[PDB]
Amino acid sequence: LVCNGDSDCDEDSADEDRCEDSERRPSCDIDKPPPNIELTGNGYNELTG
Amino acid sequence: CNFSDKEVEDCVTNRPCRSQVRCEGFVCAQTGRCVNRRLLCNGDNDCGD
């Protein structure tokens, strides 16, 4: 995954530090996630709803 | 009342004290922000400087 051109380290993007744009592959055409997918990531408190 | 609920004096250095906490990272010259060496030549200002 290093130098995918995708930040596969979550918060750090350390897999993309000092990475040459000649080595970065065009991993995908686009990077727009579905319009609110991040909410699926969230946790839920079943008592308080 | 006068804005002097505080007052300050200078001293002789009756005793030394601990040096400022060691920075293992890079030291931002002006700010002295301790920053990680991966955050150099990053393309971002991480110092405020």
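Just give me the residues in the stretch A:7-46 being under 15 Å from the mean Cα position of the chain (by Cα), surrounded by 10 or more Cβ atoms within 10 Å (Cβ to Cβ) and of a type outside the set (D, E, K, R), in sequence order.
Answer for the stretch A:7-46, where residues must be under 15 Å from the mean Cα position of the chain (by Cα), surrounded by 10 or more Cβ atoms within 10 Å (Cβ to Cβ) and of a type outside the set (D, E, K, R): A:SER7, A:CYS9, A:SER13, A:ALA14, A:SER27.
Which one of these does A:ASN4 not meet: (1) surrounded by 10 or more Cβ atoms within 10 Å (Cβ to Cβ); (2) within 14 Å of chain B (Cβ to nearest Cβ)?
Against the list (1) surrounded by 10 or more Cβ atoms within 10 Å (Cβ to Cβ); (2) within 14 Å of chain B (Cβ to nearest Cβ), A:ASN4 comes up short only on (2).
Pairs only if they're at least six apart or on different chains, beta carbon under 6 angstrom, first in the stretch A:1-29 and within 17 Å of B:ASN42 (Cα to Cα), second among the charged types (D, E, K, R); list them, first residue then second.
These pairs meet every condition: A:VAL2/A:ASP15; A:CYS3/A:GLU23; A:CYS3/A:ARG24; A:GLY5/A:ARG24; A:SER7/A:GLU16; A:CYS9/A:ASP15; A:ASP15/A:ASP8; A:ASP17/B:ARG38.
To keep it simple, each residue is scored yes or no on (1) under 20 Å from A:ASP17 (Cβ atoms); (2) in contact with a strand residue (DSSP E or B) (Cβ under 9 Å, 6 or more places away or on another chain); (3) part of a loop (DSSP other than H, G, I, E, B).
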{"site": "B:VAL8", "(1), (2), (3)": "no, no, yes"}
{"site": "B:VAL21", "(1), (2), (3)": "no, yes, yes"}
{"site": "B:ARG37", "(1), (2), (3)": "yes, yes, yes"}
{"site": "B:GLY48", "(1), (2), (3)": "no, no, yes"}
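Closer than 27 Å to A:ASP21 by Cα and either within 14 Å of chain A (Cβ to nearest Cβ) or free of Cβ contacts under 8 Å to residues at least 12 places away in the same chain (or both), is that true of B:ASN14?
no
Tally the residues that are more than 12 Å from every other protein chain (Cβ to nearest Cβ) and under 20 Å from B:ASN36 (Cβ atoms), restricting the search to the stretch A:7-30.
4
May I ask you to say which residue of B:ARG38, B:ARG33 is within 25 Å of A:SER13 (Cα to Cα), among the basic types (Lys, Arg), surrounded by 12 or more Cβ atoms within 10 Å (Cβ to Cβ) and free of Cβ contacts under 8 Å to residues at least 12 places away in the same chain?
Going through B:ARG38, B:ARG33 in turn, just one is within 25 Å of A:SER13 (Cα to Cα), among the basic types (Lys, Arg), surrounded by 12 or more Cβ atoms within 10 Å (Cβ to Cβ) and free of Cβ contacts under 8 Å to residues at least 12 places away in the same chain: B:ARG38.
When we count neighbours, we look across all protein chains shown, and the Cβ atoms used for this are built from the backbone with ideal geometry, even at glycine. Where a number appears in this text, it was derived from the coordinates with a stated rule and is not lab data.
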